[PDB]
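As numbered in PDB author numbering, residues -1 to 50, 52 to 391 make up the sequence shown, in order.
In this text, a Cβ means the ideal position worked out from N, Cα and C, and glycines have one as well.
A short write-up of the structure that comes next.
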Amino acid sequence: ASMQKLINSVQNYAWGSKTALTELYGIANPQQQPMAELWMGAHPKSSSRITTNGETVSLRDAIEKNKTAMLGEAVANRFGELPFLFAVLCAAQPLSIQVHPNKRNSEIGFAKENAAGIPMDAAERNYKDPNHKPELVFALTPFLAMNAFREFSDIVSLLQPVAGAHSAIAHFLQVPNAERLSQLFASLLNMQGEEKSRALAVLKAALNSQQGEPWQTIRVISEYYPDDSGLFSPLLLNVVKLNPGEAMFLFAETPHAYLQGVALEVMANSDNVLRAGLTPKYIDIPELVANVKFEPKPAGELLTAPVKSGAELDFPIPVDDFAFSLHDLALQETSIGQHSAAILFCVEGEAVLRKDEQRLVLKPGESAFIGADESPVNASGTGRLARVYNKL
Ligand SMILES: [Zn+2]
């Protein structure tokens, strides 16, 4: 068939919501597993499937047998595989603070760690592959996140109340610049024993006298990470509440965390994660610091500003690994075409896809794969369809 309704995998990671995918889309969960991510792609750990003829086949296998026709020549020649994973993320508790190195450093780090025979599944294995990990989140319900350093004057204001927590806070307040921000970031994550306990005590008392954000976000995080030095991170990093339909790009070398709510996430293919708190795992502070850009991002530059052309709302992404757009649906068909493979996902309403004689209906939460050779398709109905594709 031209258009292929996807059979997608749900990752039941312990941190997933037991209800979000059911409340949103009617996805079954009678056994009440945590449902953390709904995956749409060709990931080797659990590829989406397509129906051939009766049988189902792995999308990954289907693509591997026919890369040019399925991916298009540009993506096949640049990446050699579907270059993204698209997911619904349903964060029922706050997740870890993460940084993804840039492509060059990822290549350098992947090598370093190979040339010292570090086991893959080991604690200190920072670079699992040589790829960068650009990511976009697009809010499906109100979506609370941290992303990027605050303006230095903002950090200064927020740290005043906890100046006695740690000498590195005083040091930064004395001269609030990128060097001392770096030292502060690293000192906080390296806090131990009485040093850490004193700092956490001062912060917890501040939660009694300081109201509103980001103190409220610290309170929310403390439910799940009561003894984590990452509880100070909302004072250094922007706290953003995305409304449904808003999006943000997670740049390289930039700390971020997904704290609450449901989002679509599009990500390049990498498992390179340098954690930066809100985690029980060992953190390599020097390697983290060497891969963080200590440059404020002001609040008004955090969201991706999309561009509306006809029925298409494009969210410009500054990497080649993926592109992302939203499409309004109406009675009159709209043509949705691309040079690459596409995944189309029904956000809300109901989508009728048509390619010549074939008609495929998607309800909210369902998705289809469109191979490059099958572009374009016509879409009608009501609501909105999200598309992940490549603009090369
Ligand atoms: Zn990330």
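Local conformation of residue i per DSSP, three classes
| i | result |
| --- | --- |
| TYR388 | strand |
| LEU249 | strand |
| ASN76 | helix |
| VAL155 | helix |
| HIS326 | strand |
| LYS64 | coil |
| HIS255 | strand |
| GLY260 | strand |
| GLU300 | helix |
| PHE171 | helix |
| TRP13 | coil |
| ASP372 | helix |
| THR216 | helix |
| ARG179 | helix |
| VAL272 | coil |
| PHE321 | coil |
| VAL291 | coil |
| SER105 | helix |
| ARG197 | helix |
| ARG149 | coil |
| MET69 | helix |
| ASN237 | strand |
| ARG124 | coil |
| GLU286 | helix |
| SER44 | coil |
| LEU135 | strand |
| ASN377 | strand |
| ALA341 | strand |
| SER308 | strand |
| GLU21 | helix |
| residue 437 | Nothing about residue 437 can be reported from this structure: the residues present for the chain run from -1 to 391 only. |
| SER0 | coil |
| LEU277 | coil |
| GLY211 | coil |
| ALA26 | coil |
| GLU332 | coil |
| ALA144 | strand |
Contacting residues, own chain, Cβ-Cβ under 6 Å from residue i (five flanking each side not counted)
| i | result |
| --- | --- |
| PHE344 | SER366 and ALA385 |
| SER339 | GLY71, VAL74, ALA371, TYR388 and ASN389 |
| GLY229 | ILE96, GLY276 and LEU277 |
| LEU157 | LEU234 |
| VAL265 | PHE83, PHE85, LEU135, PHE321, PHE323 and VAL387 |
| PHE231 | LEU187 |
Heavy atom of ligand 1 within 7 Å of residue i beta-carbon
| i | result |
| --- | --- |
| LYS132 | yes |
| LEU249 | yes |
| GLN97 | yes |
| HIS41 | no |
| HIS255 | yes |
Residues near residue i in its chain [Cβ-Cβ closer than 7 Å; skip 5 each side]
| i | result |
| --- | --- |
| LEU287 | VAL98, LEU273 and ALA275 |
| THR67 | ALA75 |
| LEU36 | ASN6, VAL8, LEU19, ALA86 and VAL87 |
| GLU311 | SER324 and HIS326 |
| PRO82 | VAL74, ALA267, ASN268, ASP320, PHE321 and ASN389 |
| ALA12 | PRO32 |
| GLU373 | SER0, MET1 and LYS354 |
| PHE109 | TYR126, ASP128 and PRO129 |
| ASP227 | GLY276 and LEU277 |
| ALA61 | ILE48 and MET69 |
| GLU252 | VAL98, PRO100, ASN101, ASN290, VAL291 and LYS292 |
Residues of its chain near residue i, where Cβ-Cβ distance is below 8 Å and the 5 sequence neighbours each way are ignored
| i | result |
| --- | --- |
| residue 393 | Because residue 393 is not part of the residues shown, which for the chain are -1 to 391, the question remains open. |
| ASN176 | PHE151 |
| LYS203 | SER221 |
| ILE342 | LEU4, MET38, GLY39, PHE85, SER366, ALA367, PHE368, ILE369, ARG386, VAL387 and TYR388 |
| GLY348 | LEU328, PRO363, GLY380, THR381, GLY382 and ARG383 |
| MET247 | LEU135, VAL136, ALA144, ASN146, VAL239, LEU241, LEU301, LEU302 and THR303 |
| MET190 | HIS165, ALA198 and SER228 |
| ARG218 | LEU206 |
| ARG124 | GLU112, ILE117 and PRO118 |
Presumed contact (8 Å Cβ cut-off) between residue i and residue j, rounded CB distance
| i | j | result |
| --- | --- | --- |
| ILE316 | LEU135 | 6 Å |
| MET145 | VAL238 | 6 Å |
| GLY260 | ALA90 | 6 Å |
| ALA138 | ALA262 | 5 Å |
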